[PDB]
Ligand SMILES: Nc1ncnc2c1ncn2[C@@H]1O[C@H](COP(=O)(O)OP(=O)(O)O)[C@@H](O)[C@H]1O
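Below you'll find only one chain, the form deposited without this ligand, shown as structure tokens.
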């Protein structure tokens, strides 16, 4: 039995964590959640006890203090089509990896901003993307960059991806200008597999992809360090307007908790829950307002539980 930190977070965060607990309790998942909320440095000490956290969304910045104190250098989001949510594009399956401001006024009216690229962090993220591509049987990593305009900085990032690619010759290495990438994403997003990029483009690409599979409410993410992993939804919106109205979409949180389960090597539980949420999402009556449905999160969770077959304390294939 693994102990996993749970950060309820703000807005829809707490009501979704209750739904996660309920699903886990029904699935008989051998995980115990210890809830955690200067006080925040003491909260971080508590979080540091367990190597895995599942957290709702929040809000010098708490979410960034979190990733600093746990040294979570890799952000990963998983954009995958759900067949029951029909969008303009089908059969997308993308892992977006990216590394987790410096301005001044020179003379009046003139602002300068500095973007930092380092060899050390580029190599670390590239290794992460290639290890990830290998561990999960993915065939390709695409480095996304703007090296044509920013020759030294995105050039250095690209060069580090190339060094790492050389140690994974069995993984196709592709590199693509960020502009062409967004063009390719809205016309043939099926070509993509693992994407790795510096922080700024990940903002654009994360939200393009999330939109391609149906919205951020469907998309799970995680932050990884060498020892700690934190599992969350892809976007950091807390849903404060849509809170306690039984209207938040549970899909991304459930899918985050499945990719937390696989990380804990509870594959049979993760597969069972995940197939249950995908099968529930075939019924348009289980869709919540943000993806265009008229269902409530309660109905959706109840349907997910109905699709999880549990026999003698353990989740099974339907």
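Residue numbers count along the first chain shown, from 1.
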- line: Going from residue 37 to residue 38, the deposited residues skipped in the model number 4 to 9
- line: Deposited residues missing from the model between residue 59 and residue 60 number 4 to 9
- line: Looking only at C-alpha temperature factors in the entry, 208 to 216 or 242 to 250, the higher average sits in 242 to 250
task: Would you determine, from the values in the PDB entry, which of 231 to 239 and 112 to 120 has the greater average C-alpha temperature factor?
output: 231 to 239
- line: Note to self: of 126, 176, 195, 102, the C-alpha temperature factor tops out at 102
message: Just to confirm, going by the entry's C-alpha B-factors, which of 97, 107, 222, 141 comes out highest?
response: 107
field: Where the record places residue 185 (Cα B-factor, split into thirds across the chain)
entry: lowest
- request: Select lowest, middle or highest to describe the third in which the CA B-factor of residue 150 falls within its chain in this entry.
  value: highest
task: Within this chain's modelled residues, let me know which third the CA B factor of residue 257 belongs to: lowest, middle or highest.
output: lowest
field: Chain third (lowest, middle, highest) by recorded CA B-factor, residue given as residue 92
entry: middle
field: Within-chain third of residue 20 by Cα B-factor, per the entry
entry: middle
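Heads up, the form deposited with this ligand bound isn't pictured, but that's what we're talking about next.
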statement: Because the test is whether 3 or more atoms of this ligand fall within 2.4 angstroms of backbone or C-beta atoms once its pose in the deposited bound form is superposed, the call for this site is blocked
message: Does any part of residue 170 reach within 4.5 Å of this ligand in the deposited bound form? Heavy atoms only, please.
response: no
message: I'd like to check something about residue 96: if you look in the deposited bound form, is any of its heavy atoms closer than or equal to 4.5 Å to a heavy atom of this ligand?
response: no
message: Check residue 142 for me: does it contact this ligand in the deposited bound form (non-hydrogen atoms, 4.5 angstroms)?
response: no
- prompt: Using heavy atoms and a 4.5 Å limit, would one call residue 75 a contact residue for this ligand in the deposited bound form?
  reply: no
query: Of these, 134 to 142, 213 to 221, 189 to 197, 88 to 96, which stretch puts a heavy atom within 4.5 angstroms of this ligand in the deposited bound form?
result: 213 to 221
- prompt: Thinking of 25, 32 and 273 as one candidate spot, does this ligand come within 4.5 Å of a heavy atom in every one of them in the deposited bound form?
  reply: no
- prompt: So which of 209, 147, 242, 165 reaches within 4.5 angstroms of this ligand in the deposited bound form, heavy atom to heavy atom?
  reply: 242
- prompt: Heavy atom within 4.5 Å of this ligand in the deposited bound form: which of 182, 118, 237, 100?
  reply: 237
message: Using a 4.5 Å heavy atom cutoff, which residues in 31 to 61 contact this ligand in the deposited bound form? It's fine if the answer is none.
response: 57, 59
